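Single-structure report; data block below.
This chain uses plain numbering: 1 for the first residue, then up along the sequence. Side-chain atoms are counted along with the backbone in the values below, which use heavy atoms only and exclude waters and symmetry mates.
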Amino acid sequence: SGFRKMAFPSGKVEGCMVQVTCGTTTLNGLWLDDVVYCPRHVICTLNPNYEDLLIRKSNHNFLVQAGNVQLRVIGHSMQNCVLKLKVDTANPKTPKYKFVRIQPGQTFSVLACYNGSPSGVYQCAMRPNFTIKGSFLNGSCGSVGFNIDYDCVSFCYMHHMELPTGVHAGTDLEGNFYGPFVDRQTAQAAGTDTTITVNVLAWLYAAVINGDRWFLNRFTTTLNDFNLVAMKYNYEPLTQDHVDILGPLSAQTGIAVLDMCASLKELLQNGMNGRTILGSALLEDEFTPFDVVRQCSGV
Ligand SMILES: O=c1c(O)c(-c2ccc(O)c(O)c2)oc2cc(O)cc(O)c12
C-alpha cells in the first residue's frame, strides 16, 4: 500500500555524469561510450550563431572531468542544441541506453547534477506546454531525464534553462527542444498549461486501490459530455485511446472509466470539501497509467 512520487533508481545514470568546463562556464555532461553530450550554450560567446562560435573552438578548450580522472577531447561536433564531445575513453560504466523523445503528459526521472556530481533524483512530467516544473539551481544544465525499462536507460531530457515563471525547458538527447523555446536570451515565456486528464484518472484509480473511495458515485457520464466539462476547467480532452489505456485499472478496481469520469466531473464542480485523496487536497496529474500499474502492482 501507499502511493509516492517514485523516481527510477539512478545508479546507471550516475556513472555517466561528468563535468564539462569551457571558458568560464561549467555544466554537466552525459558520457556514453566515447562521446560526452552537453548543452551547446557552454560554447564561449546578442543572438549567438552557434555554428560560427563552435568553429572558433579547439579540442583543448573543453575540459571534461569524470570524477577526478580528466578526459581529453579528441573531436567535437554540434547536434542541434547539444554539443557532442568525442573523448579518448569509452565510459566503462556505459549502460544499455537509447535516446527517446517523450510526449506531453508522460513522466521521467530527473537526476539533478552540479559539477558532474549527482545531487538528487525526482519524478517529473512533461507539461502539455512542453515545460517541466523541476527543481534546478545554477549549475544544473546538462542534468538528464530518463526512464528505465528492464535494464535499458531511455534518456529523454537534457536540461537547458529556466523560464521567467520558474519552470524549466530542455531538449531531447538529439538536441531538439521540447516546445517553442530556444537557447538564446529572448523574452520567451511558457504558454498556457492544461491539466493532463488521463493522468488524473489514473491517480483516482490509484486512490481506489489504496482505500480512498469517498469521491466515487453511481453516476456514469459519456465521453462527449465529459469532454465539455473538461474544456471548462482547462483539462485536456479525453480520447478513446485514453479509455483503452485505463482498461487494466478499470478491470482491477471494477470501476468503468466513464464511471470514474462522472466522479471526476463531481470533483471539478464541487470541491473536495475538506477531504483529501492520497494525501493530496488537489487533483494530481503527474502519474501516468503506467506509473500507477508499476507502483500498485509490480515494481
Ligand atoms: O535562462 C536564460 C539564460 O541563462 C539566458 C542567457 C542568454 C545568454 C547569455 O550569454 C547568458 O549568460 C544567459 O537567456 C534566456 C533567454 C530566455 O528567453 C529564457 C531564459 O530562461 C534564459
CG (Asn147) and CZ (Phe8) are apart, to the nearest 0.5 Å, by 4.5 Å
Qualifying residues under side chain to side chain donor-acceptor pair (under 3.5 Å), relative to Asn210, sequence neighbours excluded: none
Counting distance only, does the side-chain N/O of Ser109 pair as donor-acceptor with the main-chain N or O of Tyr122 below 3.5 Å? no
Over all atoms of both residues, closest heavy-atom pair of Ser280 and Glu284: OG-CG, 3.8 Å
Between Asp33 (side chain) and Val35 (backbone), is there a donor-acceptor pair under 3.5 Å? no
So CD of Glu174 and OH of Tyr37: to nearest 0.5 Å the spacing works out to 8.0 Å
Should the pair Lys57 and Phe62 be classed as cation-pi, given the thresholds of under 6.0 Å to the six-membered ring centre and 45° from the axis? yes
Quick one: does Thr276's side chain have a donor or acceptor within less than 3.5 Å of a partner on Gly279's backbone? no
Side-chain heavy atoms of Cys22 within contact of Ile43, under 4.5 Å: no
Is any side-chain heavy atom of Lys86 closer than 4.5 Å to one of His76? no
Shortest non-hydrogen contact from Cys124 to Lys133? SG-O, 4.1 Å
Reported CG-to-CD distance for the pair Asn138 and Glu162, which is rounded to 0.5 angstrom: 8.0 Å
What distance do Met260 atom CE and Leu249 atom CG have between them, rounded to the nearest 0.5 Å? 8.0 Å
Only one of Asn28, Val82, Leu83 passes side chain to side chain contact (heavy atoms under 4.5 Å, CB included) with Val42, and that residue is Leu83
For the student: nearest non-hydrogen atoms of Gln123 and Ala7, plus distance: OE1-CA, 3.4 Å
Ring pair (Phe, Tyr, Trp, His ring centres under 6.0 Å) partners of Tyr235, counting only residues at least two apart: none
When hydrophobic residues are tied together by side-chain contacts of less than 4.5 Å, even through go-betweens, does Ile196 share a cluster with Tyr233? yes
Considering residues at least two apart in sequence or located in another chain, which fulfil the ring pair (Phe, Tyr, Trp, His ring centres under 6.0 Å) criterion with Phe130? none
Are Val293 and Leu204 joined in one hydrophobic group, where the rule is that I, L, V, M, F, W and Y side chains link up if heavy atoms are under 4.5 Å apart? yes
Whether the side chain of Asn59 engages the backbone of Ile74 through a donor-acceptor N/O pair (distance < 3.5 Å, no angle test) should be reported. yes
Between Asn80 and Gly175, the two heavy atoms sitting closest are CB-O, 3.3 Å
4.5 Å side-chain heavy-atom contact, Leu201 and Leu238: yes
To the nearest 0.5 angstrom, please state how far the CE atom of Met6 sits from the CZ atom of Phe287. 9.0 Å
Hey, would you say the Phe108 and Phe146 ring centroids sit under 6.0 Å apart? no
Exceeds 12 heavy-atom contacts within 6.0 angstrom, atom CZ of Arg294: yes
Under 3.5 Å, is there a donor-acceptor pair between the side chain of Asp212 and the main chain of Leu278? yes
Taking side chain as C-beta onward, heavy atoms only, is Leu173 less than 4.5 Å from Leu30? yes
Look at atom CD of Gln240 and say whether more than 12 heavy atoms of other residues, nucleotides or ligands are closer to it than 6.0 Å. yes
Taking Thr288 for the side chain and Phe290 for the main chain, is one N or O donor matched with an acceptor at less than 3.5 Å? yes
How about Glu14 and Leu111: do any of their side-chain heavy atoms sit closer than 4.5 Å? yes
I'd like to know if the side chain of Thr107 and the backbone of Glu286 have a donor-acceptor N/O pair within less than 3.5 Å. no
Nearest heavy atoms of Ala281 and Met272, plus distance in Å: O-SD, 3.1 Å
Side-chain donor or acceptor of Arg56 paired with backbone N/O of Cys44 under 3.5 Å: no
Do other residues, nucleotides or ligands put more than 12 heavy atoms under 6.0 Å from the CG atom of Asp88? yes
Under 3.5 Å donor-acceptor, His168 side chain and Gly134 backbone: yes
Please check if the distance between the ring centroids of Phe177 and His160 is under 6.0 Å. yes
Cluster check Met78, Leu53: I/L/V/M/F/W/Y, side chain < 4.5 angstrom: yes
Is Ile245 reachable from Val243 through a run of I, L, V, M, F, W or Y residues, each pair having side-chain heavy atoms under 4.5 Å apart? no
Spell out, yes or no, whether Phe215 and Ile209 are grouped together once hydrophobic residues are joined by side-chain heavy atoms under 4.5 Å, including indirect joins. no
Apart from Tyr114 itself, its cluster of hydrophobic side chains linked below 4.5 Å comprises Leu137
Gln295-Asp291 side chain donor-acceptor pair, cut-off 3.5 Å: no
How many angstroms lie between SG in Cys156 and CD1 in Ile102, if you round to the nearest 0.5 Å? 5.0 Å
When you measure from the side chain of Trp31 to the backbone of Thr89, do you find a donor-acceptor pair of N or O atoms at a distance under 3.5 Å? yes
Pairs in or reaching into residues 189-209: which pass side-chain hydrogen bond (donor to acceptor under 3.5 Å, both in side chains), with residues at least two apart or in two chains? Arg127-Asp193
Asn129 and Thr131: side chain donor to acceptor below 3.5 Å: yes
Would you please name every residue forming a side chain to side chain donor-acceptor pair (under 3.5 Å) with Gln106, sequence neighbours left out? none
For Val144 and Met17, work out which heavy atoms get closest and say how close. CG2-SD, 4.3 Å
